[PDB]
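Asker: Take this structure, written in structure tokens, and hold onto it; I'll ask about it next.
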Amino acid sequence: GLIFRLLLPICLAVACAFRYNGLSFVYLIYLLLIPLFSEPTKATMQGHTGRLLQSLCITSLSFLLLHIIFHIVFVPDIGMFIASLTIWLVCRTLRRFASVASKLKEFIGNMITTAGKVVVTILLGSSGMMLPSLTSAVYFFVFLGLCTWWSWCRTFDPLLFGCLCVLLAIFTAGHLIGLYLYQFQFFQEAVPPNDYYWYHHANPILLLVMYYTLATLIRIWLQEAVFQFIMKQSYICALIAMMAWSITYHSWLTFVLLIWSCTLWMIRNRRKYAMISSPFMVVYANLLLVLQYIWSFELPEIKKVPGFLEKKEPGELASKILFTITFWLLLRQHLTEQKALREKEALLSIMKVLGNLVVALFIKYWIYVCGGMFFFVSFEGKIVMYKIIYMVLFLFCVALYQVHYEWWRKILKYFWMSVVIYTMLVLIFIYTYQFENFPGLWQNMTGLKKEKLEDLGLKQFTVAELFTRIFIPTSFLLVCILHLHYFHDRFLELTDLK
Ligand SMILES: *[C@@H]1O[C@H](CO)[C@@H](O)[C@H](O)[C@H]1NC(C)=O
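FYI, in the authors' numbering the residues of the sequence shown are 8 to 79, 122 to 142, 201 to 304, 332 to 358, 491 to 615, 675 to 823.
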């Protein structure tokens, strides 16, 4: 019944974790071999495997003794004793955890058998981002490829999935062999893949549990009401993550993502064009992700590009994964909806008063919100030139409204257009002033002293304050375009002299 075997994995692991010779290597081999066979039953295969393991271990102890006796630290003995005890227990076929462990095994095995694919992908991603190298690049790339394939509608038949599991299993087997076999080799650098013996001493256990889940899976394979607003928020958060990416890993590449998000904010029907441009965003995201992972290796002889992609830590990649999953979900939704529309067209071939009241209230009382946003934009932090130009525009608008009011009714939308244009220019200028040539290019082109130039807001920020310096004007632009698109013309036709 509750006749377990994982105890043998446990003791084989603790036995191979501290002794390193040709004697423990076979113990590690058999440890790797355990998760392939079933639990002990009325069977001959697992029985003979166990019995041969015990024979080999006892004989190895005997060989150690017959070596040490010739005269013309031996925890392996206790391991052999435990192995023989388990052999006898199998031949036979206060206390709180007895059934607890059984329940744990049962529910975890059922968790594997239901949706093992996604947990394998999660393990692949974790192993990839754990310790970057050329070897872990295999795991990371197959992770990324599987996630991209799932993002598309194209599915996968289980036999190819199983052969991929077999390939990855033998690959991680060889990887663990190299890892726990390296304690003899004599090298320190000129080779990326591994190192010698959580920062980097927690990877082998992750690879081991990965291989164990893969082994259970392959063993299984050989037993022959408001969710619309939620979709809206989904594409919105995908866009905002696309924007926020270009702040963490500042480079002349992700500037295209930032400018794309900016130019996508200011469009009439943004959902349609966002869904259209979704796949390109996904492919570009994962491409620059591969570039990130490559240039985040262990070795400093890569000669990072000065203005473009540069050198980063391994930890600063999970945030990029969190960004890319938004693109993946966006593409999934877009493709599903497009397929539904296509099959539909193939098949063919009490609260209103609240809405009216609130839309009228916004038509009449939103220009004041846009005006009040000027103060929040211009009166935060230090005082610089562009924050003064903002107030200059605001005061000019108010003065022109007070003076004539006939021109002010004709030159209103042009004001908002100029405002959003100026905000875009401010974004571009404050973003580009973070490279290396620019802080000197401004002087060499237009000679101004360092602080005299910095007084215009241009300075070297940190990864925190730049979020503010980008989003505050971004929020202002968003509010302004929201006013311009929906409420402007209705407001202008509301208050007029007929
Ligand atoms: C400023 O930088 C440029 C970069 O090409 C270089 O010619 C020189 O260092 C300076 N040029 C000036 C001062 O015009």
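Every residue gets a Cβ at the ideal spot worked out from N, C-alpha and C, and that includes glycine.
Tell me, to the nearest whole angstrom, how far the beta carbon of residue 735 is from that of residue 813; I am working on the premise that it is less than 8 Å.
Answerer: The residue you call residue 735 lines up with position 410 of the sequence shown. The residue you call residue 813 lines up with position 488 of the sequence shown. A Cβ-Cβ separation of about 13 Å leaves residue 735 out of contact with residue 813 under the 8 Å criterion.
Asker: How many angstroms separate the CA atom of residue 681 from the CA atom of residue 227?
Answerer: On the sequence shown, position 356 is the one that residue 681 refers to. On the sequence shown, position 120 is the one that residue 227 refers to. Taking the straight line from one Cα to the other gives about 51 Å.
Asker: Do residue 125 and residue 64 count as a contact pair if the criterion is CB distance below 9 Å?
Answerer: By 1-based counting over the sequence shown, the position of residue 64 is 57. By 1-based counting over the sequence shown, the position of residue 125 is 76. Their beta carbons are under 9 Å apart, which means residue 64 touches residue 125 by this criterion.
Asker: Would you say the beta carbon of residue 769 comes nearer than 8 Å to a heavy atom of ligand 1?
Answerer: Within the sequence shown, numbered from 1, the residue matching residue 769 stands at position 444. Yes, the beta carbon of residue 769 sits closer than 8 Å to at least one heavy atom of ligand 1.
Asker: Taking 9 Å as the threshold (C-beta atoms), are residue 588 and residue 336 in contact?
Answerer: Here residue 336 refers to the residue found at position 202 of the sequence shown. Here residue 588 refers to the residue found at position 322 of the sequence shown. Cβ distance not < 9 Å, so residue 336 and residue 588 don't count as in contact.
Asker: Nearest-angstrom Cα distance between residue 801 and residue 224?
Answerer: One-based indexing of the sequence shown puts residue 801 at position 476. One-based indexing of the sequence shown puts residue 224 at position 117. Distance between the alpha carbons of residue 801 and residue 224: 44 Å.
Asker: Alpha carbon to alpha carbon, how far is residue 74 from residue 20?
Answerer: Position 67 of the sequence shown holds residue 74. Position 13 of the sequence shown holds residue 20. In a straight line, the C-alpha of residue 74 is about 26 Å away from that of residue 20.
Asker: Which residues bound the alpha helix (DSSP H) around residue 26?
Answerer: Position 19 of the sequence shown, counted from the first residue, corresponds to residue 26. Counting along the chain, no alpha helix (DSSP H) covers residue 26, and no H or E run does either.
Asker: Does the Cβ-Cβ distance between residue 596 and residue 544 come in under 9 Å?
Answerer: Your numbering for residue 596 matches position 330 in the sequence shown. Your numbering for residue 544 matches position 278 in the sequence shown. Yes, they are a contact pair.
Asker: Taking 8 Å as the line, does the beta carbon of residue 766 fall inside it for any heavy atom of ligand 1?
Answerer: The count along the sequence shown starts at 1 and reaches residue 766 at position 441. Yes.
Asker: Is any heavy atom of ligand 1 found at a distance shorter than 8 Å from the C-beta of residue 762?
Answerer: Residue mapping note: residue 762 aligns to position 437 of the sequence shown, counting from 1. For ligand 1, at least one heavy atom lies less than 8 Å from the Cβ of residue 762.
Asker: Residue 494 to residue 600, Cα distance in whole Å?
Answerer: Here the question's residue 494 lines up with position 228 in the sequence shown. Here the question's residue 600 lines up with position 334 in the sequence shown. Cα to Cα, the separation comes out at about 14 Å.
Asker: Which whole-angstrom value describes the C-beta separation of residue 552 and residue 514, a residue pair presumed to lie in contact below a C-beta threshold of 8 Å?
Answerer: Within the sequence shown, residue 552 is the residue found at index 286, counting from 1. Within the sequence shown, residue 514 is the residue found at index 248, counting from 1. Not a contact, Cβ separation roughly 16 Å.
Asker: With DSSP run on the structure shown, which of helix, strand or coil describes residue 511?
Answerer: Mapped onto the sequence shown, residue 511 falls at position 245. Of the three classes helix, strand and coil, the one that applies to residue 511 here is helix, per DSSP.
Asker: Relative to the C-alpha of residue 252, which candidate in 349, 692, 235, 22 has its C-alpha closest?
Answerer: Your numbering for residue 252 matches position 145 in the sequence shown. Residue 235 is the option with its Cα nearest to residue 252.
Asker: Pull up the CB-CB distance for residue 782 and residue 709, whole angstroms please, since I reckon it's below 8 Å.
Answerer: Within the sequence shown, numbered from 1, the residue matching residue 782 stands at position 457. Within the sequence shown, numbered from 1, the residue matching residue 709 stands at position 384. That belief holds up - the Cβ atoms of residue 782 and residue 709 are roughly 4 Å apart, short of 8 Å.
Asker: Compare the C-alpha of residue 523 against each of 531, 511, 9 and name the closest.
Answerer: Translated into positions along the sequence shown, residue 523 becomes position 257. It is 511 whose Cα lies nearest to the Cα of residue 523.
Asker: Rank 705, 304, 695 by C-alpha distance to the C-alpha of residue 740 and give the top, closest one.
Answerer: Looking up residue 740 in the sequence shown gives position 415. Checked all of 705, 304, 695; the closest Cα to residue 740 is 695.
Asker: Starting from the Cα of residue 243, find the closest Cα among 286, 809, 537, 356 and give me that residue.
Answerer: Here the question's residue 243 lines up with position 136 in the sequence shown. The option with the nearest alpha carbon to residue 243 is 286.
Asker: If I measure Cβ to Cβ from residue 531 and keep anything under 7 Å in the same chain, skipping five residues before and after, which residues do I get?
Answerer: Position 265 of the sequence shown, counted from the first residue, corresponds to residue 531. For residue 531, where only same-chain residues beyond five positions count, the Cβ hits under 7 Å are 802, 803, 806.
Asker: When you compare only the Cα positions, how much space is there between residue 567 and residue 586?
Answerer: By one-based count along the sequence shown, residue 567 stands at place 301. By one-based count along the sequence shown, residue 586 stands at place 320. Roughly 24 Å between the two C-alpha positions.
Asker: Measure the beta-carbon distance from residue 15 to residue 209 and round it to whole angstroms, keeping in mind my assumption that it falls under 8 Å.
Answerer: Position 8 of the sequence shown, counted from the first residue, corresponds to residue 15. Position 102 of the sequence shown, counted from the first residue, corresponds to residue 209. The Cβ separation is near 17 Å, so there is no contact.
Asker: Among the residues of its own chain, which have a CB less than 7 Å from the CB of residue 344, if the five just before and after it don't count?
Answerer: Within the sequence shown, the letter at position 210 stands for residue 344. Excluding residues within five positions, the ones whose Cβ falls inside 7 Å are 230, 234, 279.
Asker: Please check the pair residue 565 and residue 299, which I expect to be a contact at CB under 8 Å, by giving their CB distance rounded to whole angstroms.
Answerer: Reading the sequence shown from its first residue, position 299 is the one you call residue 565. Reading the sequence shown from its first residue, position 192 is the one you call residue 299. Residue 565 to residue 299, Cβ: 6 Å. Contact.
Asker: Kindly indicate the opening and closing residues of the alpha helix (DSSP H) around residue 715.
Answerer: Locating residue 715 in the sequence shown gives position 390, counting from the first residue. 710-728 is the span of the alpha helix (DSSP H), which, as asked, contains residue 715.
Asker: Given a cut-off of 9 Å on the beta-carbon distance, is the pair residue 799 and residue 750 in contact?
Answerer: For the purposes of this step, residue 799 is taken as the residue at position 474 of the sequence shown. For the purposes of this step, residue 750 is taken as the residue at position 425 of the sequence shown. No, these two residues do not count as a Cβ contact at 9 Å.
Asker: Less than 8 Å between the CB atoms is what I'm expecting for residue 42 and residue 276, so what's the real figure, rounded?
Answerer: The residue given as residue 42 occupies position 35 in the sequence shown. The residue given as residue 276 occupies position 169 in the sequence shown. Contact doesn't hold; Cβ gap of about 10 Å is too wide.
Asker: Taking residue 685 as the reference, give the member of 492, 355, 817, 248 with the closest Cα.
Answerer: Taking the sequence shown and counting its residues from 1, one reaches residue 685 at position 360. Cα-wise, what sits closest to residue 685 is 817.
Asker: Quick check: the Cα distance between residue 292 and residue 25, rounded to an integer number of angstroms?
Answerer: Within the sequence shown, residue 292 is the residue found at index 185, counting from 1. Within the sequence shown, residue 25 is the residue found at index 18, counting from 1. Going by the C-alpha atoms only, they are around 17 Å apart.
Asker: Expressed to the nearest angstrom, what Euclidean distance is found between the alpha-carbon atoms of residue 605 and residue 554?
Answerer: Your numbering for residue 605 matches position 339 in the sequence shown. Your numbering for residue 554 matches position 288 in the sequence shown. Distance between the alpha carbons of residue 605 and residue 554: 29 Å.
Asker: How about residue 575 and residue 517: do their beta carbons lie closer than 9 Å?
Answerer: In the sequence shown, counting from the first residue as 1, residue 575 sits at position 309. In the sequence shown, counting from the first residue as 1, residue 517 sits at position 251. Yes, the pair counts as a contact, with Cβ atoms nearer than the cut-off.
Asker: Compute the distance between the beta-carbons of residue 289 and residue 333, then report whether it is under 9 Å.
Answerer: Along the sequence shown, one-based indexing puts residue 289 at 182. Along the sequence shown, one-based indexing puts residue 333 at 199. For residue 289 and residue 333, no; Cβs fall outside 9 Å.
Asker: Please look up how many angstroms separate the CB atoms of residue 755 and residue 794, rounded, as I've assumed it's under 8 Å.
Answerer: Start at 1 with the first residue of the sequence shown, and residue 755 comes out as number 430. Start at 1 with the first residue of the sequence shown, and residue 794 comes out as number 469. Contact flag correct, Cβ pair sits at about 6 Å.
Asker: Label residue 593 either buried or exposed according to how many other C-beta atoms from any shown protein chain fall within 10 Å of its C-beta, with 16 as the threshold for buried.
Answerer: As a first step, residue 593 must be located in the sequence shown, where it is residue number 327. So residue 593 ends up on the buried side.
Asker: Checking 9 Å against the spacing of the C-beta atoms, do residue 527 and residue 505 come in under that value?
Answerer: Indexing the sequence shown from 1 puts residue 527 at position 261. Indexing the sequence shown from 1 puts residue 505 at position 239. In this structure, the beta-carbon distance from residue 527 to residue 505 falls below 9 Å.
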